[PDB]
Every structure is written in C-alpha cells, then in structure tokens.
Amino acid sequence: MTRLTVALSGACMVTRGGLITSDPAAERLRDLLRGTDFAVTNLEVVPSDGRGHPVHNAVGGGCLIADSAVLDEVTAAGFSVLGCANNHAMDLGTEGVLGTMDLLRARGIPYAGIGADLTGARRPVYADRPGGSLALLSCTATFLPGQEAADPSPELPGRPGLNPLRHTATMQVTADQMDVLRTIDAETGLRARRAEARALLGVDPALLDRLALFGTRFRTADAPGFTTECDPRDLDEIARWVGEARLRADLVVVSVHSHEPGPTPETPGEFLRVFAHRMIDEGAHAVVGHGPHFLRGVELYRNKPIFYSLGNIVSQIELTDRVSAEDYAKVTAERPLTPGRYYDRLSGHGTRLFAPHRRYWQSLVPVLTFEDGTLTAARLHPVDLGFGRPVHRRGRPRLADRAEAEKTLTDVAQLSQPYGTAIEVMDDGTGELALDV
Amino acid sequence: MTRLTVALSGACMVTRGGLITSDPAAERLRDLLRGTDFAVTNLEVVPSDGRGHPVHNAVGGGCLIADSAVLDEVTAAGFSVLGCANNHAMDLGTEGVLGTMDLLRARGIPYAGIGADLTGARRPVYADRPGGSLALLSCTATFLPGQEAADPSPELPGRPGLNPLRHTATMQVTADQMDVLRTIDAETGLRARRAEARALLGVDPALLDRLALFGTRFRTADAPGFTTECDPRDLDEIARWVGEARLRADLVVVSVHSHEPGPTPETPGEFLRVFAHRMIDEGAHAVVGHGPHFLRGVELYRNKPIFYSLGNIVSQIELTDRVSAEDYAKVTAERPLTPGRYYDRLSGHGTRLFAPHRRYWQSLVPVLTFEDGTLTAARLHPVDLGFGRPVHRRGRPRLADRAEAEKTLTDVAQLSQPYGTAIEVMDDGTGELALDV
Amino acid sequence: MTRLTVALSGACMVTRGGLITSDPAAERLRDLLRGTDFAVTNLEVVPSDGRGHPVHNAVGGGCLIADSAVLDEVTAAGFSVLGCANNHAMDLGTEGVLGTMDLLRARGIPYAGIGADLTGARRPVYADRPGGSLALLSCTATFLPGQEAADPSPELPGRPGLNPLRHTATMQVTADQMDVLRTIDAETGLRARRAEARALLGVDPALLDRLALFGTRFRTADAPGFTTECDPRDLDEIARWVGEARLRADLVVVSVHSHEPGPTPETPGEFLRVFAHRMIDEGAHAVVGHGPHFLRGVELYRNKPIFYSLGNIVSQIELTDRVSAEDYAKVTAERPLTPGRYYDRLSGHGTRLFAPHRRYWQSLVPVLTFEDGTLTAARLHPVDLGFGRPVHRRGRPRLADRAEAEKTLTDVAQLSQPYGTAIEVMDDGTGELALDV
Ligand SMILES: [Ca+2]
Ligand SMILES: [Ca+2]
Ligand SMILES: [Ca+2]
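Okay, here's the thing in structure tokens:
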C-alpha cells in the first residue's frame, strides 16, 4: 500500500554557487533527486552569516565554512533531509552550530545530528510527505574530543554539539612486547611522572594483563593484532533512538560519518560494521555511510542496505573563501597568502592529496524503493565529480556517462564482493542490487 | 627613587562568599594584601552570570564555575591584578571567556592571559598606581588542545581563548627498544591503517632515528630518558611581549600555570625552568608559578625571584554549586546526586584526592619590594588553608600561626635548596629570601 | 566546451524608479542584459534606508544618495554583478558603506570594491551560473583621501571603505624653473614655516634634484612635462588578487573607476593604461573603465578588451531627492531651495555642466563572448540617454536607434583608433570589435 523512494548520497562539501551546471547530466542528476520522496545528503560544511569563531581543525583538513546561500544550492539540487553530524559541523564552535541550526530552521530544512544538547543531537528528524514519512538519524565517529553535544544537569545547561559514535582501539601485543613496553615506561622515567597520580588515585592509572600508556591501551595476546569497539553508551543510545523512530515513521535511515579505516583503506572499521548491523537489528531500513573521500562497499544485511561510504556528492574544499589563520600557518610563505594560493601550495600545486587520484572524484547516488518497509528496489547511479578538471570546475556532481558509470559500478561491485553483494548492470552504466525479496 | 611592593599568590579557586573570615589571621592577610601597591592572584574559576556552555574538563577535575559575586570577594580581599590563563578559564567555552572579560571590565579589574584573540591574550595588562606601574603577563602550559586563543586571518576572525605555553615531550629509548616499538607498529596492523595517509602525504607521518607513534614521539638514545621542550613559537612570542612590557612599566611580572611535574612531583618541568630563565632574561622582575595544589621551590635567577608554584591561595573546588552532567557521570549512583554528595563520593568521602594530605592545604604569599627595578626585599608569608577542617570551612586563606608558618617555611626552604636559595626566619614564622644585592 | 557571455556597462547613477521605460528600445536593452550569463554595472550611488551621515563631497558633484528601492531597478533591468568602488560609495561614510553592504547582501546581489576592511574591499566576488563563473574585482582611482578601506592591526580593527588605486603625479620642470620655485619657497617665508619640522625630522621634508612644495612633487628635467604613476602597493595587491581570482573562476573582470584625464580629456591617464595592461598580464579577461561622464577608447591588449570608459549607463544626478546642507551652500539663494531648484541653479538652468553637450548622454554596452577564456566575440551596443529631453526624462538608458547608434559607434571607433582597434558595423547601428583569434 505504502510505496516510498529515498535518494542517498555521501558528504556534501559545497562552498560555491551554481551547484547544478547547465550540463544535461547535472540537470538529470537534479531531476533524479527531485523525483524521489526523500533525498538525503550530509552537510559537511558550516553555513555561516558571521556567528561563531574558527576552531583549530588542522587534522580534518582545516575549517570548511561557507556563505549560507549554499543551503539554497542544496535544496534546489533536490536534497530535502540533511544529516549534520560530521567532523566539520563544529568548525565555528558552539555558536557556529547554533547558527547553523537557526539557518536550517529558517529555510525549513529538516536536519539531524546536531542540537542544542546531546538529546537534541540524538533525536531523529521526521520528514513528512504525502506518500509517507522518513525518520533520519545522524551520528559521526570522527570528531575532535569535546565537540560532542552534552545534556544538561540539574545545575548546568547542556552543550551544543554533534551526535557522537565514540569507539576505542586496543593493540594486542605478545607478553614479551608487553614487558618491553613496561620496561620503556619504567626506564625512561615516564612512570615516575605519575607518582602524584599514584598517591591521589591510590593506584597507577596505567595498570588496569592490560596496560594503558602513551594514550593507547595495550592487551597481552598470543598474536599481535588490532581491535576496535564501539562505545557502549553511544551504541545503546543511538539504538534506542532508532527503536523510537521506527514507531513514528514509515522508513528509518541512519547516517554515520566515519573516516576510520580497517585493515585496508577500502574496508570500514570493525566497530562501524557492528554499528550498522545493530542499527538494522533495531529496525533501520538503511544505513548510509560517509567520511572517506572515496567509495566503500555495499552490504545487504537482513534484506536492508548498508552503504559504508558514498564518498562525496559535492567536493569544493579548495574553493572555500574563508581560511583561518591556523590553517594558513600550515604553509610556510614569504608573503601573505590568498585562499586559492594557499590551497595550491597545500597540495604541492595538485601533486599531492586527493587531486591526482581518480577514486576521489567518483560518487554514487542510490535510489531505494520500499513497499511497506520491504526493500523492493535499490538502483545505483554513479556520479562524476570531474577528475582532472580545473580546481574551480571539479567537485560539482553530475550523472556519469556510460563509460565512467561502468567503471564506477565495477569499483562498487568489487568493494561489495566481500559482503556477497551482486549488482545487475544497465546499458547506461547504472545498476541495481540483487535482492532476495 | 621609585619604591614599589608587590604581593604574589597562586591559584584562586573561589566559589563561595565570606572569603575573609572574622579570624584575626584572615583579616591580617587582607591587611597585608591591601597594604601593597599591587596584589596579584590567578583566577582559577569562571565567574558567570549565565553566558556559555560547560566543556568536558574531567581531566582538570571537572568544571569550576561560580557566581560572578566571587569577584567582589577577590578585590575586597586585597587583590588588584588578575592572571586568567589556566586550564579552567575555558570551562564555559569561548562565550564563557568573553563573559568573564566583560565581568572583569565592568568591575574595573585589570586582567591578562585571556582575550578575544591570541594577541589580546598575550598582551600585558598595565596596572597604574600613584607609586608606579606594574605589567602583568599570564600564560598557561596546562589546557585542553584547542582552548588556546587564535589570531584573525584576512578572511576569518580570531578565537577567544587563553595565552598558551605549549611544550613537547620526547621519550629517549635505546635502539633495541626503538626497533621493538617499530615491530609492534608493524605486527599489530597499526602501520597498515596509515596506508591512505601514506599515499596522500607521500611518506609515512610516523617516520621523521626519530619516530612518532601512539601520539608520542620517540628518539634513539644511548640511555633511556625523558625530555621536555617549550614550543618555540610560544616562547618567542611571550618573550617578545615581556620585552615590550618592560618599556612601559616599572615592574614586569610573568604568571605561568603549569601542572607538569619533573622527575618528581615537587620539581617543575625542565621546559618551565627554561621558560622562567628566558622571562627573566627578557626583563621580567618576577615569575610567579601555580598549577599544582602544593608548593614548589623558589629560585633566585639574576637577582630575580622565580616561584615555581605558590599552590592555592583559595581552594573551594568541592563547594561549587554548579556541577555539569559529564562531571556527574564520573560517579556511579543509584539516585540523582546533589553537588555536595557528588564531591563527597568523588573523593571516597575524604579518603582520596587532596583532602587527606597536609601539603595541599598550605600556601605562600610573597611580598616583594623593588627600588628602581632592583629587588631589595622578598618577605614570605605562609598561609593556612585549614587542613582537617570541614569541607565548607577549609580552603579559605589566613595567615598561618607561628607553628604552622614555621612548618610551611621549612617546606619552602627544602623545596628551594636545590636552587641555592636561603631564607631568614622571623619569630612569627614568616621569613624572607637571602639576597645578594 | 565552456561558452560564456558578459555584458558590461559604465557608472550607474540611478535615483528614481521606472529605470526601464515602456519604450521598445529600453525593453530591448533589458532583454539584452537578461540574455547574457553575467551583466556587470558599477553602482555610483549610495542606496540608503537611513544609516550614515553625509560627507562633504563637493568635488565629486555633491552627495548621491538614493532610496534602496533603486537596487530593485538595477536587478530588474538585467544587471547581476555590481562594482561598488567609486568616489561616491562613501557619501554616507563608513556607516553608509556598511549599510550598502547589508542592503546588497539582503537582496542577494553580488558586489565587490567595498568591504568592512581593506582585504574585503580587495577580494573578488564570484558569481556562479549554470554555464560557469565570473570573478569581479572593483577599484577606484578617484576618491577623497581617507576613504580607502583599512586592514586591522593586532590592536585595532580595520576601517570600512573602498578598494583604492592610488597614483602620484610629478611635474617635470627645467633647472631654471626649479630654482625659481625654490626661490619662491625661500623669499615668501614658506620655508621658514617648516623650521619646526626641520628640527623634529632632522631634515627638510621638501628636499628629497627632486622637490616637494605646495602639496606637489617637482623634478628637474631637460624639458617640462607631466607624468603619473600607480601606487606600487595598490598595483601589486590588486594584481595579486587578480591572480588569485583566475584560479577560481572561468572569467576575471577588473572594473576601475577613474576620472583622471591624460593630455586631453578623451585620453586616460598613463597610470590607468599601465594598470589595465598589468591586469591583463595577471590574467584578467577584460578591464571595464568608468568615471568620466563620456566615452573613451577601446584597446585590445593580448587579445583582451580594455574599455577605458563606458560613460554612464544611468545618469540621474539632478533627480536626487536628498541634497546635503554643504551641497546647498554651493548656491547662493534668497530663500531655502528645493532639490530640483538647487540643481537647476547649479547648472545655470541647463546652460552649464553636462546638460548642453551630446557626448555626455551616450553610452555603450559591450557584450563579450568567451570560449574557454578566449575572446571569440565583442559586440558593441550604443545606448541613448536622452540628450535634450527634460531633466526628469533624460538619464534613463535605451538602445539607441540606427542613426544615433551609428554616431556613437563612430565616436567609439575614433576614440579607439590610437590603440589600433577596428570595428565592424551592423545595419542597425551596433557593431563588434575586429579580433585576431
Ligand atoms: Ca569529513
Ligand atoms: Ca589548575
Ligand atoms: Ca564618479
């Protein structure tokens, strides 16, 4: 009875206007987005009218701040529901995220992942349309510590921020390696410098055989290894809100931002896969991932899709018109630098970073078709971001032509093969997932 | 011709009123402070009327926020110049530090160490009195990353924050230990997870024989060791502002907040001693340190005093009326907790943390007498904070009685002995430094 | 692949509504402007809702302030990118230019040439359209000293203002004339009045054989002459921003406001020609000039056009409804004057100033067609401003009829002849530049 279509996309790092060019492929991408019931993208840029202060985010590539008019470029492109939890939503601080919320509400744009407190950032947003409703939840596993939102106490208010998916990594080492680490701790004098913390806490905070040194936790194992696990608090809370959202919407979509790689850059972290499985277990109809500037595999779990990374639907980092002083300080210069020259020198004039490689300039828009919560179709539309084009022209999305779409679909199928995912391929280069239903 | 007296003190963590009790010793402390030309303390608490949001500062003991009325308790006690750079000035964020600046300016209280940008936080404050002027500069080596203030760029404004004294620690390890660390990096799979960062940067960011892993830098040495060094940028900038301040004031006082211990908790970090020597080299008349909840040694360098830690002149952490939710979460509870019960359970009802030990409840107020920039006197006044008293009564300062003052002066002399500092002792328990001039 | 069209125009001094009349020629001008990708004009009037205070600008013809509704008359006419640097943007002071920026941003009108500081006034504005992007930079060589914008210092903010192109003029005189000037300096007693400036500076500021007297710099030469040179700071900075803008846009257009005449009123100043050559050397695709109330020549330099003066696309000075007191004081009167009567007496009731002469009421709209940065077409559309019409009807633009367009095109060709520019002429009176590409 209820038939709904949802368009998904990755990170949207838009800093300029004219997002949809006069190219018929870009206009067809816009027609595809406008033709669905819900089009979801994840705003990875702070829309600003001036409120806030730049935070030091050199580990995230610098501050990504743009004129608020870019919001109109998003909605006019066809997107209607925004996920806002990522490692850049706090680039202008708490004042910046409050201003972003104000801007989004003034334009009637439903959003999730950020709030005035932790609860508001964890809540789903309900987008209602004549055909039905979609609940969007947004979280991020990549962010600077302290940027997560906080709930109030009886005496103090909360803190504006993002919806966090924290995780801990543990280094498994052999007993001999462990004892060598303890010997390094003792002989260097590092242990001595915990003496006060010994007498105040009563015991060494490094001994919990487990160990904690250099801001990293080690554990004795038969063979060396590396494991990651989700924060139980965040996992349980996000799952609780997913279970809540299923009661109030036809479709529940969980968006997660995660740069964390697995054993190889193409594979997600183990904690992320556990998290996506948990989200589908609690009743989510789809899990859309992003973070990396490239595509990752697609997995069908309990007849629901998991897109571990859809890459970037928009990529205009080097075109931002506002570079902070701490970002400028990353490049030694004999004279003051303009933003474009700064970004040119930052990549060695295109010889480093994401420009020289092709996998960083392809993306994918999945269009999912559900009938009463059952996934009946999952079309895949490859997107070209303009690899090799000038910096001012690359990063704008368009439906890839047949050849490039076939190459992108091959990449996606290869990345999805370890999960047992199969893809039917159309003559135009688009495709769709093989379903069991 | 110009004769000036300056009273120094450590961290002032005031959260309640009635700072100066009806005890004649406390009133005599107030008379001592009011009797000098300048009385300097370092405000380690956010005075608030409601502006800002609590930041996660569990590593600093939680948020320390107090009613702005406590400012009147400081000035009425005799203090007239405030240093504000410490690990708690940003407990309410950038909005909180802006509100603190507004409150201090509305009450006519000169302050330094915080500003709307990095320059404003680095500037000295000039306190003018009929007898002459004092320039105060305030910085801190202990703070959460990102809390330092930032200067504007051509496109973006700065960021409100504190005046930073950053520093880096290096672990010297033998070549065999170094190779074991590299083997741990490789065999655990940690190196594999840098693969992307390898292809984007062109080289491994862990190889700079030096090494960088687990957020810590290691270097091959003949014998294991541990070294600390000041950030060259911060050292040079603070020295430049000290040289600037000498041109515009009779006396220049540099206040530094530093929890960092040396080989033993009583000794300062090597970087801190280098910093104090540099400050006196650039023309500072005194360097007053704080951070630890206990006293550290006193050193005479080029006939100028360096108080590495004056402890706390006020210590009312457990009496704060505003505990954040993230601070409450540090204590498991079967029911919601009130602030006092939270602090009681936080210390195991007085069996842990700073309460059981005496060195945490003594302090020192030095009164320095300069004549045309030459240190002619340096009286030491021991301060009792009420060890063993109830939690609501301990932490308020008073001039210690003869016995306790003698014990405190003995402690200070023992802590100062490695620097060659000698102290003459009065019959009342007070004393003064032996000078060469 | 990339094909873009840009419409250019001169100064837009609009003070009334109904800018596009019901005349089919005016509607065809509007259709021409709306039909291009970018239509650039230079707003020479302060749009005001009441913010600011009139500055004394009697040397610029008085204050030119208009109701902000005139902005809607500009955009509805077809213009989409505004240059704002001219000798009238500061007619309401710094508050006035801030209000103008607010008004332009509220209406979504891209602008350049003014900012809250010097950098913001020097930045290009990027207008994005489905077919591509255009970068506009705006500066002015005519303005009251002090009206240029200023950048902040570590202690003080900047100053809102215009983007300046300063220049210095030097009078070459023979050695005998030079010595006569020095003798006039000495014998009149003018040199004596520099005595204090002699003892404070250490040397006479008039002796730098060069000389500086009467606010003018003289230099000994074999034959008397007159030279002008650009300010090196402004030239280098504007060129730097042009080089920056080329990296981020398909087309870069530099708009310059300059009243300064050369040896004859029809010829530009030497500094202006050097500046335009420099702009094209740095990568500008076109240089559009304005300032004089008449047309100047067109020059093709390195296959890029330089329009030294496009005159006025709108000229409604005498129709302004707000005349300042200092402007009223320019006309002696027996009774208080209304604005229209003031402007009538100011021109001797049409017998003086710009009204009696025809070259002041013709203009030109060039439509340039670029293909991947290469100029492929440059159509010229003569514009009639209504010479001889009543004052309330003249100044509104319309496409000139065949006869008047032929006369205007002849004028433009004659003014362009010294630069080697040739023009093909259509049957309707319009034309296009002869290109080498
Ligand atoms: Ca990201
Ligand atoms: Ca502290
Ligand atoms: Ca003018």
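Chains as they are written, first to last, in this note's numbering: chain A, 3 to 439; chain B, 3 to 439; chain C, 3 to 439.
Just so you know, even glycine gets a beta-carbon here, dropped at the ideal spot from N, CA and C.
- Query: Got a sec: does ligand 2 put a non-hydrogen atom nearer than 8 angstroms to the Cβ of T102 of chain B?
  - Reply: no
* **Amino acids of chain A, ordered along the chain, whose beta-carbon sits closer than 9 angstroms to that of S135 of chain C** => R18, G19, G20, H394, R395
Notebook entry, point to check: Who pairs with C232 of chain B in a beta bridge, going by DSSP?
Noted result: B:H169
Item to complete: Would you mind sorting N305 of chain C into buried or exposed? The rule is 16 or more other CB atoms within 10 Å of its CB.
Response: exposed
Practice task
Could you tell me whether any non-hydrogen atom of ligand 1 is closer than 8 angstroms to the CB of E46 of chain A?
Solution key: yes
Check your understanding: Going along the segment 147-166 of chain B in order, which residues come within less than 8 angstroms of chain C, judged by CB to CB distance?
Key -> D153, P154, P156, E157
### Query
Taking just the CA atoms, how far does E231 of chain B sit from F277 of chain B?
9 angstroms
Beta-carbon proximity of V333 of chain A to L382 of chain A, cut-off 9 angstroms: no
Less than 9 angstroms between the beta carbons of residue 2 of chain B and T96 of chain C, yes or no? Nothing about residue 2 of chain B can be reported from this structure: the residues present for chain B run from 3 to 439 only.
With a threshold of 8 angstroms on Cβ separation, who are the neighbours of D39 of chain C within its own chain once the five nearest residues in sequence on each side are excluded?
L6, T7, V8, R131, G133, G134, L136
Given a cut-off of 9 angstroms on the beta-carbon distance, is the pair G285 of chain C and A247 of chain C in contact? yes
Q.
With H, G and I counted as helix, E and B as strand and the rest as coil, what does DSSP make of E268 of chain B?
A. coil
#### Entry: Range of the contiguous alpha helix (DSSP H) that encloses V72 of chain C
72-79
ask   = How close, in whole Å, do the beta carbons of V16 of chain B and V290 of chain B come, if the pair is a contact with beta carbons under 8 angstroms?
value = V16 of chain B to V290 of chain B, Cβ: 18 angstroms. No contact.
Requested in this report: Mind checking which residues open and close the alpha helix (DSSP H) that includes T376 of chain A?
Outcome: Unbroken run through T376 of chain A is the beta strand (DSSP E), 376-386; no alpha helix (DSSP H).
Taking the beta strand (DSSP E) that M103 of chain A falls in, what are its first and last residues?
Run containing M103 of chain A: none in the beta strand (DSSP E); it sits in the alpha helix (DSSP H), 95-108.
So the candidates are B:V205, B:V254, B:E408, B:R18; which of them puts its Cα closest to the Cα of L66 of chain B? B:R18
Review point. Do you know how far the Cα of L105 of chain B is from the Cα of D69 of chain B?
Key: 11 angstroms
inquiry  = With a threshold of 8 angstroms, are at least 3 pairs of Cβ atoms found where one atom belongs to the segment 386-397 of chain A and the other to the segment 305-324 of chain A?
reply    = yes
Partners in chain B for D236 of chain A, counting only beta-carbon separations shorter than 7 angstroms:
Chain B residues near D236 of chain A: none, gap ~13 angstroms exceeds 7 angstroms.
Cβ neighbours of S326 of chain C in the same chain (closer than 6 angstroms, five flanking residues each side left out): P56, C65
The alpha helix (DSSP H) enclosing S418 of chain C, as first and last residue numbers:
404-418
Is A13 of chain A a contact residue of ligand 1, with contact defined as CB to any heavy atom under 8 angstroms?
yes
Which of the residues in the segment 97-122 of chain C, read from start to end, lie with their CB under 7 angstroms from any CB of chain B?
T121
task: Can you tell me which of A:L355, A:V258, A:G388, A:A118 puts its alpha carbon nearest to the alpha carbon of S365 of chain A?
output: A:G388
Checklist entry - Would you say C86 of chain A reaches chain B, if we count a Cβ-Cβ gap shorter than 9 angstroms as a contact? => result no
>> Looking only at its chain, what residues have a beta carbon closer than 8 angstroms to the beta carbon of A27 of chain C, apart from the 5 residues adjacent to it on each side?
In response: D386, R400, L401, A402, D403
Nearest CA to the CA of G101 of chain C: which residue from C:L202, C:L210, C:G54?
C:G54
With three or more C-beta pairs closer than 8 angstroms as the rule, is the segment 235-246 of chain B touching the segment 158-170 of chain B? yes
List the residues that DSSP assigns as beta-bridge partners of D206 of chain B.
-> BP columns for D206 of chain B are empty, so no partner.
Practice prompt. Within the segment 134-185 of chain C, note down every full beta strand (DSSP E) run reaching 3 residues or more, in order along the chain.
Written response: 134-142, 169-175
Any non-hydrogen atom of ligand 3 closer than 8 angstroms to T43 of chain C Cβ: no
Per DSSP, what kind of secondary structure is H90 of chain C in: helix, strand or coil? coil
Inset, instruction - State yes or no: is the C-beta of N165 of chain A nearer than 8 angstroms to some heavy atom of ligand 1? - result: no
- Query: Should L302 of chain C and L312 of chain C be called a contact, given that it needs their Cβ atoms to be closer than 9 angstroms?
  - Reply: no
Task: Interface flag, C141 of chain B vs chain A, CB-CB below 9 angstroms - done: no
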